[PDB]
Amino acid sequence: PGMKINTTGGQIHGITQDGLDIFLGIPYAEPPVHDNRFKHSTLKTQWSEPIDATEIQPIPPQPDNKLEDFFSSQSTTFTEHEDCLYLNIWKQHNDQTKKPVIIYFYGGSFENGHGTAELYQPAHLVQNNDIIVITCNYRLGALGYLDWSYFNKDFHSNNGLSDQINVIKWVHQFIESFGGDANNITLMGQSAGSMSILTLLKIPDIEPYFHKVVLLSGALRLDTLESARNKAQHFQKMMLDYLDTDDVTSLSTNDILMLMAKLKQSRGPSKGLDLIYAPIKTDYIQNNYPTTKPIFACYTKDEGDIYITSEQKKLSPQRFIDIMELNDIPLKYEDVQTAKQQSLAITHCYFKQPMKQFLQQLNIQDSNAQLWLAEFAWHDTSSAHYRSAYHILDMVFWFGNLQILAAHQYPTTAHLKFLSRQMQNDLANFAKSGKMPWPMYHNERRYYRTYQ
């Protein structure tokens, strides 16, 4: 049952099951604890004992993900410790080499998410396509994206973003030992995972380590250094007010989680649209994107509907406007009264139009750019829980985790199995060939695939 992989760093022990080699909880970087707490992570390239890759390892400390239960099909509890920099690898058990590699970055407002969530476990996808799929944890929350240098000149902002760099460098260094093609790395991301890839594209150090990107339902809204400073300022106020210290190093993990919860409570509700924690624009992030990599972008047809699920659960009109303003979306009071108005405004201003503009500018910048757009539009209005094509829902299909719908009174049907299986194939074939089976997106026709 055990499966041994030899690297230049040492051995790695996963499991062989049901035609797959599965490796869980590979530490890719030093644990960001003790003297490494609050700093950019250090890549792990050497271990003096074999790495036991048979168990899920801890996930970044985080508030309760209200949406995790919805996007899973059974009761689970994951351990959360600051020692959480782990990645997981799914691959077919055979002797083929130079396999296309997909690294997945989850979303979750840079607050929750983890590489071992049911929604991101790609077993069904690797079962039907001989690719290598990797998920990971990156630091989240204050611990990931507070500007800690506000408190200490040896501490860093953008820590979670440094963690994502180290996932790519580790794959670059070792994935060939698993049959992967280190010359053919696809980064795939959803929401904040998509925003993270948009950011890695503009970091020249890391940019040449990957070769294709898949962007689901996300655009780039980097925080500014001055905004991060003010949020660090208010974090220090929560520190003083509730705990009576200014020593961040004395803070316990639970202390930071409580302080973040106060900070969000004082900024007001946002349904995750207020990016309290986010990558910050710095000197090593450049202004413009490269165009050498094939890009597949996708949004869902009714993004907003999972942000604004009912007239009773909408945001207050003036709060909503404030949110969208911190996201450079100007809107008026009369146009955001109703649930339906806010859902649509999220769908159009927060996702559709920014992504369209990202693709159009890349075309203008480069005549040979390889871009595809898709709209995920599956839904069933007669259902209880899948009434429109909202944010995140397409990931159920991309990874073939249809069991999630069946746990929420939508049984699997022939159409669902076919549509998901096609999407899996489109995704895996994109990783292989850099092309989609429909016309490229160009600025005159704006062709897109509508999945349903």
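The first residue of the shown sequence is 1; numbering continues from there.
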Higher of the two mean Cα B-factors (178 to 186, 150 to 158; per PDB record) comes from 150 to 158
Which is higher in the entry, the mean Cα B factor of 166 to 174 or that of 249 to 257? 249 to 257
Selection by C-alpha B-factor (highest) of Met239, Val213, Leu373, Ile103: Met239
Report the option among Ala377, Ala228, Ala297, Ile89 whose CA atom has the maximum B-factor in the deposited record. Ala228
By the entry's values, the third containing the CA B factor of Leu331 is the highest
Split the chain's modelled residues into thirds by Cα B-factor; is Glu207 in the lowest, middle or highest one? lowest
Select lowest, middle or highest to describe the third in which the CA B-factor of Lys66 falls within its chain in this entry. highest
Lowest, middle or highest third - CA B-factor, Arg319: highest
Sorting the chain's CA B-factors, does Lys264 end up in the lowest, middle or highest third? highest
